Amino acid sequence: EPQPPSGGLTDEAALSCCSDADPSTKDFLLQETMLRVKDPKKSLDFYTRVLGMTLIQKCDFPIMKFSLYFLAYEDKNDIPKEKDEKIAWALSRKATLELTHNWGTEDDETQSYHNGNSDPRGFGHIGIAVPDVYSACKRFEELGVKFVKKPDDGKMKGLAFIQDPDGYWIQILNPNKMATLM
């Protein structure tokens, strides 16, 4: 009589909610993910030195008191030298990470951002695909990176979670070994 609790969708039910892309969305691309960072010096060091990303664009808004840092996995030789060409290229890349710095948070000892993995929840993490999780995590360990999940801990093996300087979670996985751990 009473309707059953919803469980997960069947493959079919999920496909029934998917529509083919309209031709007007043809060239849309998912260009960025934005995270607010307390201290841009710490985040730039982490993203570039620990994860090997490149700072491709920096934008400052003096009246609004904030800066934007765009990071991506790009060859720094591809960064155009002319300013306007640089901006157009830096904002047209797939999978960019935008770090928003609100001026003054570095100096405020009672301030910190929320990573979304405790109430109230929403966003969970960003994820990196790497050639070898175990050597990647060995190097992370030698660098003093904080872990949320070590590769061989918990249910899923060969999968790790590390944290950036603000506490945001970062998935670490080897796409070519996931089928076997599923």
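Start at 1 with the first residue shown and count on from there.
field: Between 152 to 160 and 57 to 65 (mean CA B-factor, as deposited), the higher
entry: Looking at the recorded C-alpha B-factors, 152 to 160 comes out higher on average.
- request: Decide which of the stretches 106 to 114 and 92 to 100 has the higher mean C-alpha B-factor, going by the entry.
  value: According to the PDB entry, the answer is 106 to 114.
- prompt: Sorting the chain's CA B-factors, does residue 173 end up in the lowest, middle or highest third?
  reply: As the PDB entry reports it, the C-alpha B-factor of residue 173 lands in the middle third of its chain.
field: Third of chain Cα B-factors occupied by residue 141
entry: It falls in the top third of the chain.
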